[PDB]
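Residue numbers (the entry's author numbering), protein chains in the order written: chain P, 1 to 113, 133 to 193, 212 to 276; chain O, 615 to 665; chain K, 136 to 316; chain B, 136 to 316; chain R, 257 to 261, 271 to 291; chain L, 285 to 292; chain C, 1 to 46.
Here's the structure, in structure tokens; my notes come after.
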Amino acid sequence: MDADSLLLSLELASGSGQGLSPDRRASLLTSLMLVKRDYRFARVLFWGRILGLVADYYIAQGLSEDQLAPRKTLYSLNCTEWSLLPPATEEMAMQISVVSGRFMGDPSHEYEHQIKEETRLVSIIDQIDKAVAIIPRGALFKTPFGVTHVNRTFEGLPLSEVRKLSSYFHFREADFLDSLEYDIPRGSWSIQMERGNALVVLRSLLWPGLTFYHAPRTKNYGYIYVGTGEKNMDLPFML
Amino acid sequence: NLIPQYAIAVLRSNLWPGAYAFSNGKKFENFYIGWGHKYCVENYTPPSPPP
Amino acid sequence: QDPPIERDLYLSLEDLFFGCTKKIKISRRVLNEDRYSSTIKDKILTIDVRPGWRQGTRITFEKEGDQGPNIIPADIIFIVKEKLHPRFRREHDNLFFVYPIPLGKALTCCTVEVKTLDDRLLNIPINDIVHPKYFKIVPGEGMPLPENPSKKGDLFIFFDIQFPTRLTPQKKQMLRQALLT
Amino acid sequence: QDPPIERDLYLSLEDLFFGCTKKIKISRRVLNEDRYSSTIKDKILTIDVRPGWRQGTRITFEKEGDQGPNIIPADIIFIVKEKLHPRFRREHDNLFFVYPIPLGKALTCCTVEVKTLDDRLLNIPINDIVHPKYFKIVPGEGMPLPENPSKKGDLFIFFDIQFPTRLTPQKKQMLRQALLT
Amino acid sequence: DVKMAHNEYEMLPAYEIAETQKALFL
Amino acid sequence: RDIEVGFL
Amino acid sequence: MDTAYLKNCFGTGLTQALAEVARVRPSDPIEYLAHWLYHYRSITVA
């Protein structure tokens, strides 16, 4: 989510209940502004949290012009001390498949199944972005120059279009993006209305902790993954 | 943590995600905000039928 | 005929990263039809330095160098050469940074502060135990390629570990209990 | 004349330390007094290897090679070289010993066990903090001089520091309190 | 279809406050 | 060859 | 003549190329032409 989600508690307004304290919120505002300074990103959205057993990894994601670029991930344990997380590949996706369990706060932790916790952080954040990173329909407009920009004239979805999974897009490489109605399982997405139905909350069931914010009246949107960081393989049993 | 002499003891169960316990050192309260499920490292095995 | 003068001109990393321009005043040994004069017709040669030009990249100006009465002038202003920096060593489209990490920070979690050629600052995590052959690749963040200025190579961060110069006997017991167990 | 028969005299550091004898079979290639015939006895050349001979010193046998049709040969079996001993390598007049050392012993002192070419065990104390770029000179303990078989060079004991592969959080706090202060 | 067919950088006064205010969180 | 008159 | 070969091969492309170059008047028309032809593929073939 953008900085507008850190001037007000947009995260906890979704009713998921997990988010940032005002301490972390103000610290994150200053730190993500400094990240946009130090790293010349077009925008610096707060990706979310990986709730560990010792400390939580506060995650930020760099956005280029060129928003479907291979987005650059950053991590921080004490919020402000932001550090450039390495990018993800297919080998590191295959590497962590033998490991299961909750994240440890120290990213130097080792698993004997060695495997670094930093590699787990990189791979799990990549998997969450490829699976359940949400963009509402029409928020991004494929520019004729081979580059994706913000559709800066985007009006929020009509309330008729709110209830359809077709009106929401996977924020990744592929109206250009893939819609959520093919995201198997068919019931894998939960759509609910809060705050007088001026608020659409769309939570991932396959990756619990994701909660996508959207205000239909305006263009205020964003997604945050605040959760344990594992994939709910039990989803078809649970549906 | 920046002002530790006014901190509140946070507890994260890791058995029921979203379950929390809190205390300023004198009073306390409990709160659950999860999906209502127990955490398990292993994938959910449906139980076998009776023999 | 007489050879072209293989002039060497030094370019720092930011000049070959951003694609600067350079001017080199040339000789005044240009001949008229009389074939004994010494004048100049073009004082300055300009080279549009593009990003990613490697060392040894030859830029040649035919018919611009010194000229005798019956030979064709030529000149090879300039062979691309790299200045010393504080610090990245130029290799084939990769930058090699040396961080003087102290010991005790080498063996534990560390964050390396790298100013880049973009005037961007990087906090690179180092969660591995930094022995004196370790290097972390920060991919896609080196200098631009000469064949593609949009794409850039990888940044290599090597480590020069500073061992302690003196240890208390308490510090000797500290270390012996820690490392040899 | 016909070119020399350039051959490598293979000798280990123990043999150049003590000295030896080596025989090289030429053998059945010289042209005999039959005018001409290559059938020759198994002629042999002995090289009395004296102690302390350097790598590359030339041993030359005049007229002992494959004699041609009235052509003066020379069986130049000459390069003294160079077998990498399991414990030492050789520079000029100096044995360079590489001791793999763990980091705890590198920092909190040790004793190095050197088995020499003479079959002596040297317990060399190391009580300086072993930098990666660290060596100790054990003088008078190298190989013998070629110019003087009573005098000896210097032994150099370099170190290959073995850092730990895993450190627990207790071990990380251990090191942090120990070194970074 | 018509849209088909050495760079300096400037930045706002909002990061000198951010430069100033990180000391609050350290 | 003579494109100078032909095509330009 | 060789007109017919290059009748078929180039056609509209060189026309638009020098029309744009004459309109813009860049400092290096030849480099501008090369870059424009690259871009002209990047729109047409793709």
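All C-beta atoms, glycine included, are put in the ideal place defined by N, C-alpha and C.
Distance, residue j Cα to residue i Cα
i, j, result
"residue 296 (chain B)", "residue 274 (chain R)", "46 Å"
"residue 41 (chain C)", "residue 156 (chain P)", "31 Å"
"residue 275 (chain P)", "residue 658 (chain O)", "9 Å"
"residue 104 (chain P)", "residue 293 (chain K)", "27 Å"
"residue 275 (chain K)", "residue 84 (chain P)", "13 Å"
"residue 212 (chain P)", "residue 152 (chain P)", "16 Å"
"residue 192 (chain B)", "residue 183 (chain B)", "13 Å"
"residue 218 (chain P)", "residue 227 (chain P)", "12 Å"
"residue 51 (chain P)", "residue 144 (chain K)", "55 Å"
"residue 158 (chain K)", "residue 210 (chain K)", "14 Å"
"residue 138 (chain K)", "residue 20 (chain C)", "41 Å"
"residue 212 (chain K)", "residue 195 (chain K)", "6 Å"
"residue 170 (chain P)", "residue 179 (chain P)", "21 Å"
"residue 67 (chain P)", "residue 44 (chain P)", "11 Å"
"residue 142 (chain B)", "residue 272 (chain B)", "35 Å"
"residue 314 (chain K)", "residue 236 (chain B)", "12 Å"
"residue 43 (chain C)", "residue 16 (chain C)", "13 Å"
"residue 22 (chain C)", "residue 214 (chain P)", "40 Å"
Interface flag, residue i vs chain R, CB-CB below 8 Å
i, result
"residue 37 (chain P)", "yes"
"residue 27 (chain P)", "yes"
"residue 64 (chain P)", "no"
Within-8 Å CB hit, residue i to chain K
i, result
"residue 243 (chain B)", "yes"
"residue 300 (chain B)", "yes"
"residue 240 (chain B)", "yes"
"residue 222 (chain P)", "no"
"residue 375 (chain B)", "Chain B is shown from 136 up to 316; residue 375 (chain B) falls before or after that span and cannot be answered."
"residue 32 (chain P)", "no"
"residue 82 (chain P)", "yes"
"residue 137 (chain P)", "yes"
"residue 142 (chain P)", "no"
"residue 191 (chain P)", "no"
Whether residue i touches residue j by CB criterion (8 Å)
i, j, result
"residue 302 (chain K)", "residue 239 (chain B)", "no"
"residue 145 (chain P)", "residue 256 (chain K)", "no"
"residue 206 (chain K)", "residue 198 (chain K)", "no"
"residue 179 (chain K)", "residue 298 (chain B)", "no"
"residue 229 (chain K)", "residue 291 (chain K)", "yes"
"residue 262 (chain B)", "residue 244 (chain B)", "yes"
"residue 143 (chain P)", "residue 266 (chain P)", "yes"
"residue 146 (chain K)", "residue 249 (chain K)", "no"
"residue 264 (chain P)", "residue 245 (chain P)", "yes"
"residue 48 (chain P)", "residue 261 (chain P)", "yes"
"residue 158 (chain P)", "residue 258 (chain P)", "yes"
"residue 46 (chain P)", "residue 100 (chain P)", "no"
"residue 276 (chain R)", "residue 163 (chain P)", "no"
"residue 80 (chain P)", "residue 31 (chain P)", "yes"
"residue 148 (chain K)", "residue 220 (chain K)", "yes"
"residue 64 (chain P)", "residue 42 (chain P)", "yes"
"residue 37 (chain C)", "residue 13 (chain C)", "yes"
Short CB-CB distance (under 8 Å) between residue i and chain L
i, result
"residue 6 (chain C)", "yes"
Supposed close pair residue i, residue j - CB separation, criterion 8 Å
i, j, result
"residue 152 (chain B)", "residue 278 (chain B)", "6 Å"
"residue 34 (chain P)", "residue 279 (chain R)", "Contact doesn't hold; Cβ gap of about 11 Å is too wide."
"residue 181 (chain P)", "residue 237 (chain P)", "5 Å"
Any C-beta of chain P under 8 Å from that of residue i
i, result
"residue 629 (chain O)", "no"
"residue 246 (chain K)", "yes"
is_contact[residue i, chain B] using C-beta, thresh 8 Å
i, result
"residue 104 (chain K)", "Given that chain K is displayed from residue 136 to residue 316, the structure contains no residue 104 (chain K) and the question cannot be resolved."
"residue 292 (chain K)", "no"
"residue 296 (chain K)", "yes"
Chain O within 8 Å of residue i, Cβ atoms only
i, result
"residue 265 (chain P)", "yes"
Exercise for review: Taking only beta carbons into account, state which residues of the segment 622-656 of chain O come closer than 9 Å to chain P, listed in chain order.
Suggested key: 626, 628, 631, 632, 645, 647, 648, 649, 651, 653, 654, 655 and 656
Check your understanding: Looking at chain K, which residues of the segment 302-313 of chain B have a Cβ within less than 7 Å of any of its Cβ atoms?
Key -> 302, 306, 307, 309, 310, 311, 312 and 313
**Study point:** Near-chain R residues of the segment 157-178 of chain P (beta-carbon distance less than 9 Å), N- to C-terminal order
**Key:** 162, 163 and 164
Exercise for review: Could you please tell me which residues of the segment 249-283 of chain K, in chain order, have their CB closer than 9 Å to any CB of chain B?
Suggested key: Under the 9 Å Cβ criterion, the segment 249-283 of chain K contributes 264, 265, 266, 267 and 269.
Exercise for review: Mind checking the segment 228-256 of chain P against chain O and listing, in chain order, the residues whose C-beta falls within less than 7 Å of any C-beta there?
Suggested key: 245
Exercise for review: Could you list the residues in the segment 1-33 of chain C with a C-beta less than 7 Å from some C-beta on chain L, going in chain order?
Suggested key: 1, 2, 3 and 6
**Study point:** chain K contacts from the segment 102-113 of chain P (Cβ-Cβ distance under 8 Å)
**Key:** 106, 107 and 108
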